[PDB]
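Chains as they are written, first to last, in PDB author numbering: chain L, 314 to 626; chain K, 1 to 626; chain J, 1 to 626.
The beta-carbon is built from N, C-alpha and C at its ideal position, and this holds for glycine as well.
Comments concern the structure below.
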Amino acid sequence: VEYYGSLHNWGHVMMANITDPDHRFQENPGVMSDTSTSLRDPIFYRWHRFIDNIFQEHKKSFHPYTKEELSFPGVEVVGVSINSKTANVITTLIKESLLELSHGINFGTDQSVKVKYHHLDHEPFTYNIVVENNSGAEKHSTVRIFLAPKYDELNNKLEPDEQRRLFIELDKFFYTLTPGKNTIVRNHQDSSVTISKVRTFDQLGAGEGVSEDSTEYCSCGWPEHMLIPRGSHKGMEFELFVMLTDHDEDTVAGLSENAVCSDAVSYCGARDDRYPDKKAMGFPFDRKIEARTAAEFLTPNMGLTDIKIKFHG
Amino acid sequence: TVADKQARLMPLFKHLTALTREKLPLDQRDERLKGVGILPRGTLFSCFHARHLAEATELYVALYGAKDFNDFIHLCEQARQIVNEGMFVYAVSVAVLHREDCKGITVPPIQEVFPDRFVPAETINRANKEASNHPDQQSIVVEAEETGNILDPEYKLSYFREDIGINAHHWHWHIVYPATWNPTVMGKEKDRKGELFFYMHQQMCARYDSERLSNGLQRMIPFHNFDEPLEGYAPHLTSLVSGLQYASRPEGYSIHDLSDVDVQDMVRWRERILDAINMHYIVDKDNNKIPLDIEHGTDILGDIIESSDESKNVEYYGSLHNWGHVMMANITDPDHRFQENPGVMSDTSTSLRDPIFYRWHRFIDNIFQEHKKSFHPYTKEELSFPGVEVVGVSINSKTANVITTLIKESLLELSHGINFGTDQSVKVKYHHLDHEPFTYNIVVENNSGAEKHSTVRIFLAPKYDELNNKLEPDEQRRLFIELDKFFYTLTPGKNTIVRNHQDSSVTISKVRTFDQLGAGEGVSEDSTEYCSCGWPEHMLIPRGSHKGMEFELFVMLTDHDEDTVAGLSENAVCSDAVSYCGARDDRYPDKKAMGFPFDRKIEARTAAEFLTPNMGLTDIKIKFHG
Amino acid sequence: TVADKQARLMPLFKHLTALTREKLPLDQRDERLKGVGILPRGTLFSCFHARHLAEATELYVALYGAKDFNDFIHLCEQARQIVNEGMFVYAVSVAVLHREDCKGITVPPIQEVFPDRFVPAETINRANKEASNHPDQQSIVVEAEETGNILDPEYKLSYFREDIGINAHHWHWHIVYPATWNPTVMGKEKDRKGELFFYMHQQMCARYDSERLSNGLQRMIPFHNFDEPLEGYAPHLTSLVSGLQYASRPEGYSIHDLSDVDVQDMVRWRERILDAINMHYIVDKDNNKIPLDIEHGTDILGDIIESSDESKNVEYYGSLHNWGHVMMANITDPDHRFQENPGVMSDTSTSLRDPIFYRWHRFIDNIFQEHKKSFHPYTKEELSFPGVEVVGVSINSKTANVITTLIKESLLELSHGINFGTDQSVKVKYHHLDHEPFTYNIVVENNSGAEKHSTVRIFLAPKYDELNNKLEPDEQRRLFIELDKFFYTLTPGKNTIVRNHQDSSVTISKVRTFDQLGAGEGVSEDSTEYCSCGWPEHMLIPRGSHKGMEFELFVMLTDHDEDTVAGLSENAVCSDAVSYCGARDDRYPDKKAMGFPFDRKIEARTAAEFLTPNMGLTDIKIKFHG
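Next comes the structure, spelled out in structure tokens:
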């Protein structure tokens, strides 16, 4: 503690009492002081790439991945494609919505004081992923699926080491694959990062059985409407990069049945269990890539499917 | 004769630079040029540095005052055998525009005699290197485009700023109006030069201010304070006169005093001016107060701020415009110990690439805007052409109410400017913005039983802010660009006027390469203007965006018998660009201040409130064809 | 055979650069080279941008792993068709110095294949333009001198800094010792490269520190703090590769962070080093503490730091030396959005012109000086060669105890480097400092009945300060330059040794032009040093002043049977510059640290107190022949 500090937390005090560290004049600090307010204020991310830059050094002194290491032997990803309303676009929306102020502040009289807000969302979609399982045995896989951008803010440049900062895991599952041509089809909802249903204070004041665990199970998970970024009205062009690694290799002893934040197993986890996958969260894209395109990095168990996102104005 | 006219000057300018060094054992020959020889050849000419304009005004008065067409040429053979070429071409283009034996003489095209200030250093030494790579008579064509790691947002606007016709127009405007135009010693004067000097520069920077918003950036910020740093820029231009180059500015540099003027006496001039606006008068070099009247005030603020020889006071008002240019361009090196070739603001042909250019030009515009601002807004009375009703406009390109802009790859013949040695032609293929052709269809109810003669002023502004959609017309007056201005006659009742893109009153239509000049045409027979003044055609309507950005086409009809100056001048001629530039030995044909309606204050919150029945906004799209 | 060996490489270097673009549709050919590619041709290489070194390490491992003298050449035909030729020549010169089938192939002279980094842009442009001015086979000679208003004091020292042989030596030293010399994968090692890397650089900057005082200026100030601005300089060099030029630095420029390293990780590295001096050890890439010894410590700190490949720790000690070079040279543009060709510190051939060069080189010297400083001063015991008495020295030039320096105009054949197209030769006449020849006459009383074998280390420092005449020898150790170092044998009694200027152990004598390489002379059959490394002859003794400035010739005699390394190596050969450089595949012949005596602390106040009977100051004058 004395030697390493709490550099993360500590930067938060100083970045948020940026009005008033001495604290003589008693102002309520900048939103970085709490974890619920924190993400609005643009500087938030300036510190979070900073700490990330330290973590990136530690991962950086570790060595890049051997093709050996990257290769799930025998299974060939013959391709992926996404079908929303059309192929290889997803279409994002605005959805107006409510939040019931009544619970928090004193209505005094009325039923409900509602704040109608407006939020980004997305169309549902599927992965259709084709495979040649050359091996006469059925293969059990763990399928790590990612979304990055295909363009830079300079021109279109698929520098994957640069892209590892942008690369987001959209899904991670186990499937079993018979010999030959296999298709897996996987629908948006069942993303391993997300909350699906969350409980209003009302539902709680009544009663349901979804099951009964706590502040993770609904309250945590990344939100559904922010599962795929806005893109642009034109249709911006991104990268859906999949890996298949082995499931008997990847499984931590015991697969969990009960959804207990383990709807969101990726960004968060599952309750009183471990992160189910052997590899570092980020994998493949935790370490250095010496290669200049995400295409060079392709093993036959990896696959980029270039997709569009378009904001419905 | 005026043919062999052409045939002496331009032959001297053929592969121009190298005739700067020649035999002339003793200066004494030209008792006339006695005291000028005071910069050793390529000890590099930085024009805006005060002494070099003064040195050049020796040259302007000398080069004007030649006996007949022949003695003019002899002087030009002779004095050249030792002198600095950039200045020599400058003062002889001023001459062979304006001393009255000249007509039918064309100024050798600056883009083609000095390509270095227009294109990348790479594509110069490349075309060059390909003539060293294959010693053959084959032409060489090089694609100017380059391949870089584009960090900078601003490099986008390098379609507009860095353009051939853009930068040529810029030299040409001040070759047709030199600051050192003394009227008396040169016999006659230069119509409306100060005001026209506000205007042309606002219209440039308003076209630009659109080009900023088209891109989804903000309008360009003015150099209102002197402390505040100047932006960083690399022109990518090495000069063909030697090996060296325009030293290029890093960002984060404050403005620095000069061996001539302190940044503070600059600060004084500005205080001494903006005060005279509040006081509403000026003290000439005799101390007598002449009025900052409504009409005259802008010609007399413009001459003064520049400064011209026509600057009624020089010590007192400075040359604040020019002077800011020295300091903003020698931003590397004012003391000048290090002898670095200055930033591109030092010359009028290079000037528009460098982003800071516009920061100073809104600044001077802000002064002109104060003078117009103390003048009062327009009465509805004043705005109203009685009886004629603009029932509407619409533009038909390929479709209604869109115009569609393009990229057009093009050439510029380096051969004329640099030494090919062997080959035919060394060509730089560049890529420029353009636009589809289009028409105005404008409908009118001429209620009056008499035919009406109008002057139709048509404008383009942006309808969006860079904030949300807000039609604040006083804010929009900075962006507002005059697309056209004509006279039509309107019978009673429903009238339609239809007006095609080409015949815009701001533009050059036909440009003219030196190869044309090697033969000769009859279009007319005029000078440094002819196929080189005028705003360029491809930049007539700004880029917009790929989506289709949404703009404002605002028309006015004012009266033509009111508006036309009466007087006796010439046929239909070099009037093509009458708006941004003018017409020769005539006045600006329209009574009202260049800008009208949009010169003065608007208290109203929408361009719709400002509508008289002889005004009309037609909301149009522009889309960049990717 | 070694004739046709020469007759292939140099024919390819007859108009080199243009070989860079050729038909290689598939790189795949060289599984060797397959991995290189974020540098397409003249997108200009900062030599220090980390990615390109990596790209080049691919090329180093490819280019090495060869068959024989033939397959070597084929690789060199082929990989060249796409690569940044600057890197390719750097690679073929690290190769065709050191891979053992090659003796007697001389490296094509950098001054003559790339003259652009040595001379004024103007005299390149002029010779070029004169071939375009007279298309004839006549040679052209241009006087490099130029003419301009000398505001600046520092332009004086441009006799020394900017010199042909100076700047060539500089590339050549690091072509003979590359930072990326891996020993294991290349079979064998490089004797004393870190220490020798301190030394050669101190000796350069000490010759310079004299040249500052000769002029009546002070010794050059070190870049001890990072905040403090860098001086302004214009090299006047446009590059023959593309249009562009080395963007030139204005003064008042603060250092700036890089996309690679923060100026702070630099401060970190320095702290991590300086503390390890105090602690007296280093942690290699395994974490194990090896001693900061008197013997090994300096080879193992020198690999550590450079950062040589040989390096003991890279992340921990950085490459502080090289890294400072990126930041001091991209002082215009670290972010690199602009694409300006960096300041001359980015390359080893240009480096010495720019005044800031020495500010960093005293800085690194200051670190080395700490390490030597924690080591203890020399015992009189240690300083004493027993029994031999230096009864004195004196120098006889034209007169006693003066040497007289001259100007010598000279040539450099641009033809080899750029395209003459037509003529024989395009010559740049330059003007350089030189000196009269002279001798040492040194008298000795060898008291011992036996003949003594000595090693005689002779030095030149200044006797004056800029304050007054003050012989503070610890201060003088920064200025102290070794003029000579030899072995003689001394009979009993009165001995005289006489030693003529030429045979200085620091120097090149005969330089070799590309033309003589088209024939063949017999000197040694060796490589990138042969006639190109060594310090140049004309800068062997600094300028002094026109008055005759007063300096210090300090001699030591230490023992030769003590000093000579024993081992088995070669005949008399490329040992001419044994001091500043060395000899081939052998060690530095002398036991003691390069600098000796003057490596360590002197507590004493005069160079006279430091006198042992085997030491001797002979106060000499130098006078510049105006």
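- C-alpha of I331/J to C-alpha of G86/J: approximately 22 Å in a straight line.
- Here DSSP, grouped into helix, strand and coil, assigns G324/L to helix.
- A direct Cα-to-Cα measurement between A234/J and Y90/K gives close to 29 Å.
- Taking C-beta atoms under 8 Å as the contact rule, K623/L and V402/L qualify, at a distance of about 6 Å.
- Taking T147/K as reference, the option from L460/L, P462/L, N469/L and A461/L with the minimal CA-CA separation is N469/L.
- Contact annotation: in the region 47 to 76 of chain J, no residue has its CB less than 8 Å from a CB in chain K.
- For a Cβ distance threshold of 9 Å, residue set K547 of chain K lies close to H546/L, ordered along the chain.
- If you ignore the 5 residues before and after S415/K, its C-beta comes within less than 7 Å of the C-beta of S425 and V426, all in its own chain and listed in chain order.
- Under the rule that a run must span 3 or more residues, the beta strand (DSSP E) segments found entirely inside the region 493 to 540 of chain K read 493 to 500.
- In this structure, DSSP gives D484/K an extended state, which the three-state scheme calls strand.
- In this structure, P342/K is the residue among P342/K, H376/K, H432/K and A121/K with its C-alpha nearest to the C-alpha of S248/K.
- Proximity of chain K to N468/L at the Cβ level (cut-off 8 Å) is accounted for by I150, in chain order.
- Judged by DSSP secondary structure, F13/J falls outside any beta strand (DSSP E); it is assigned neither H nor E.
- Contact between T612/L and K380/L holds: CB atoms are separated by about 6 Å, below the 8 Å threshold.
- Of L412/K, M539/K and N495/K, the smallest CA-CA separation from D434/K is found for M539/K.
- Using beta-carbon distances, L412/J does not count as an interface residue toward chain K, since no partner is under 8 Å.
- Around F610/L, the same chain offers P473, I602 and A604 as residues with beta carbons nearer than 7 Å, after the five sequence neighbours per side are excluded.
- Under the criterion of beta carbons closer than 8 Å, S158/K and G544/K do not qualify as touching, at roughly 17 Å.
- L258/J is a Cβ neighbour of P334/J, given a cutoff of 8 Å.
- According to the DSSP assignment, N70/K belongs to the alpha helix (DSSP H) that extends over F69 to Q78.
- When only Cα atoms are considered, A276/J and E211/J end up about 34 Å apart.
- For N84/J, no CB of chain K lies under 8 Å from its own CB, so it is not counted at the interface with that chain.
- Secondary structure in the region 429 to 470 of chain K: the beta strand (DSSP E) runs of 3 residues or longer, each lying completely within the stretch, are 439 to 446 and 452 to 462 in chain order.
- Around the C-beta of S527/J, 16 or more other C-beta atoms lie within 10 Å, and the residue is accordingly described as buried.
- Using a CB distance cut-off of 8 Å, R337/J counts as an interface residue toward chain K.
- Only residues of its own chain outside the window of five on either side were considered, and among them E112, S425, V426, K427, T513, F514 and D515 have a CB closer than 8 Å to the CB of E413/J, listed in chain order.
- By the CB criterion at 8 Å, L19/J and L26/J fall outside the cutoff.
- Of the residues assessed, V261/K falls on the buried side of the cut-off, its CB having 16 or more other CB atoms within 10 angstroms.
- Cα atoms of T350/L and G324/L: separation of roughly 16 Å, rounded to the nearest angstrom.
- The criterion of a C-beta distance shorter than 8 Å is not satisfied by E550/J and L460/J.
- Straight-line spacing of the CA atoms in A144/J and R80/K works out to 25 Å.
- Looking at the backbone, the Cα of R457/L and that of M200/J are separated by about 56 Å.
- Per the coordinates, the alpha-carbon of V498/K lies some 10 Å from the alpha-carbon of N396/K.
- Residues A461 of the same chain have their beta carbon placed closer than 6 Å to that of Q476/J, with the five preceding and five following residues left out of the count.
- Every unbroken stretch of the alpha helix (DSSP H) spanning 4 or more residues and falling wholly within the region 39 to 119 of chain J is given here in chain order: 50 to 64, 69 to 78, 85 to 98 and 110 to 113.
- Scanning the region 331 to 400 of chain J from its first residue to its last, the whole alpha helix (DSSP H) runs of 4-plus residues come out as 356 to 374 and 380 to 383.
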